[PDB]
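Residues 15 to 84, 94 to 414 in the UniProt record's numbering are what the sequence shown spells out, letter by letter.
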Amino acid sequence: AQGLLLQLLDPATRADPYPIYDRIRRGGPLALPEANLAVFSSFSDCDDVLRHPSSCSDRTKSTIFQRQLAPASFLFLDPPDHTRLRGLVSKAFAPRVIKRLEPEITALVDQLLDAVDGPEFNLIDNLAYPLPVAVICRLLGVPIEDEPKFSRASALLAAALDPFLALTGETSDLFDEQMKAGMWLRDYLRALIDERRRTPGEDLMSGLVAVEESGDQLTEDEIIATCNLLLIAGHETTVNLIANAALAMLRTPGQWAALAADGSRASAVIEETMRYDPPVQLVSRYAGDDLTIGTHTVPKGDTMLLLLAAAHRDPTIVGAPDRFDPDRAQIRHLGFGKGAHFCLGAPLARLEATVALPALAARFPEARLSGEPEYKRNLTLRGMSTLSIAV
Ligand code: HEM
Ligand SMILES: CCCCCCCCCCCC
Ligand SMILES: [K+]
Ligand code: NA
């Protein structure tokens, strides 16, 4: 029960957490009020929490956080601040604006594929990781030559999304390092923001400074928090959509060959990967008031963990849920969330993967998995450090 949750955090289960997720879902919703916790795993319950007007994303409303104690980016804020801050960047991430990036993405993918040397290569280092990094750095106005340092700080803050406090009552062993990385990143971005008051940029950071300096809609601290969020999302997400999709195709009869032969399968491959092997495995909410999900009540202040990975494999929603099937009639997932905090990066992530995947398959139609992949320790933003492909 609580043993199953700790098995999820155990690194030994990272390569295949799905038996555990499925077992938890079969058992039903987990009400653990003595741990100030509730764990939802059905599609219905996760959907309901994401939409519930009393579900909060601000940690200040959390009993666990208030006890641990004894601005955050808008991912972790509620209205009105969430509404205002998301509103300020949503146009920048709209499909119409993101579509303009297709030539840059295509040139990057081609360059990266050109540089691949056989007979074996790590998809992570050679493609899945560097593509999204180049794009987000350009978008935000962060110099690509500073990437070595972003990468390490970014990796640490991605890891910080693991629900150690909720599941174990203690902070991560990485806590001190993560605070240091957070401070470094804020200071770093502050300096980039300050130079944009002197030299005109053509990037999102500059656009945000223009608004901040014109009125009361935005503070410098908020620009820092927003850009930090965007930079990290750009480093720590799409990489896993690409790599998880590659892995699922390599493991599933005919799938790599089918995409190599027909790039139009890319969209279905991507959405079925979001369902079957989600880059973001779980999200957290806090009950802003006593609330009901299905027949279960969650006390005000308790953490609600939503195991999206389990929800995507709910047999009441999808047939053969544990099969990777890009040809299935209905692909339904919550891999980009739902409602107020729905992923702002979804058009960009989709575009990045839509260009990358069919190009990869077409370039190496005879590709096979070489050995078994190695996983990072991360639970929430779960991904491979090594995915070896023999060409
Ligand atoms: C496949 C890649 C991605 C996945 C799977 C993913 C997943 C998610 C999920 C599940 C959420 C909702 C979290 C919640 O409800 O608490 C979210 C929110 C968010 N995502 Fe993504 N994301 C991806 C790529 C990106 C990219 C590339 C960016 C931009 C660089 C981005 C920017 C954001 C932002 C700003 C939010 C917060 C939205 C809000 O709070 O209003 N994402 N994402
Ligand atoms: C500051 C960390 C932001 C990285 C999150 C990227 C978007 C994915 C949402 C994950 C929510 C648990
Ligand atoms: K201001
Ligand atoms: Na908006």
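We put the CB at the ideal spot given by N, CA and C, even for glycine.
What does the Cβ neighbour count give for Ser113, buried or exposed, with the cut at 16 atoms within 10 Å? Flag for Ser113 reads exposed.
Please determine, among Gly324, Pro25 and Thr326, the residue with the shortest C-alpha to C-alpha distance to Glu397. The shortest C-alpha separation from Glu397 is found at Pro25.
For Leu273 versus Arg405, is the C-beta spacing smaller than 8 Å? For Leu273 and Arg405, no; Cβs fall outside 8 Å.
When you compare each of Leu282, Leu163, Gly42 and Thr77 to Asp312 by their alpha carbons, which one comes out closest? Among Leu282, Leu163, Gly42 and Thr77, the Cα nearest to that of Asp312 belongs to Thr77.
Find out if the Cβ-Cβ distance for the pair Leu264, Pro302 is shorter than 8 Å. Taking a C-beta distance under 8 Å as the contact criterion, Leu264 and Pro302 qualify as a contact pair.
Taking one C-beta from the segment 213-225 and one from the segment 52-64 each time, how about it: are there three or more such pairs within less than 8 Å? Because the criterion of three Cβ pairs below 8 Å is not met, the segment 213-225 and the segment 52-64 do not touch.
Between the CA atoms of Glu193 and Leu328 - distance to the nearest angstrom: So the two alpha carbons sit approximately 16 Å from each other.
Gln278, buried or exposed, once every other Cβ within 10 Å from all chains shown has been counted against 16: By the neighbour-count rule (16 or more Cβ atoms within 10 Å), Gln278 is buried.
Among the residues of its own chain, which have a CB less than 7 Å from the CB of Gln82, if the five just before and after it don't count? When the five nearest sequence neighbours on each side are left out, the beta carbons in the same chain lying within less than 7 Å of the beta carbon of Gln82 are those of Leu188, in order along the chain.
Which partner residues of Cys70 appear in the DSSP bridge assignment? According to DSSP, which records beta bridges pairwise, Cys70 is partnered with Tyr309.
Let me know the alpha helix (DSSP H) ranges lying completely inside the segment 183-256, each 4 residues or longer, listed in chain order. Note on the segment 183-256: whole alpha helix (DSSP H) runs with a minimum of 4 residues are 187-191, 198-218 and 227-235, in chain order.
Suppose you measure from the CA of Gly324 to the CA of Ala52; what does that come to, to the nearest Å? Those two C-alpha atoms are separated by around 11 Å.
With burial defined as no fewer than 16 other Cβ atoms inside 10 Å of the residue's Cβ, what is the status of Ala233: buried or exposed? That one is exposed.
Residue burial classification, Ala352 (beta-carbon count within 10 angstroms, cutoff 16): It counts as exposed.
If you pair each beta-carbon of the segment 370-381 with each one of the segment 278-295, do three or more pairs fall below 8 Å? Yes, since at least three Cβ pairs between the segment 370-381 and the segment 278-295 fall closer than 8 Å, the two stretches touch.
Can you tell me the Cα-Cα spacing of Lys361 and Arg355, whole angstroms? Roughly 12 Å separates the two Cα atoms.
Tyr309 and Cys160 look like a contact to me (Cβ under 8 Å); what is the Cβ gap, rounded to whole Å? Your pair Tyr309 and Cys160 does not check out as a contact, with CB atoms roughly 33 Å apart and the cut at 8 Å.
Give the C-beta separation of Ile167 and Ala157 to the nearest angstrom, bearing in mind that I take them to be a contact with Cβ-Cβ under 8 Å. The beta-carbon separation of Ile167 and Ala157, rounded to 7 Å, stays under the 8 Å limit for a contact.
When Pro142, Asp244, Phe347 and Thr242 are compared against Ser393, the one with the closest alpha-carbon: Closest by alpha carbon: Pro142.
Touch check for the segment 200-213 and the segment 170-183: three-plus C-beta pairs under 8 Å? Counting C-beta pairs closer than 8 Å gives three or more between the segment 200-213 and the segment 170-183, which meets the contact rule.
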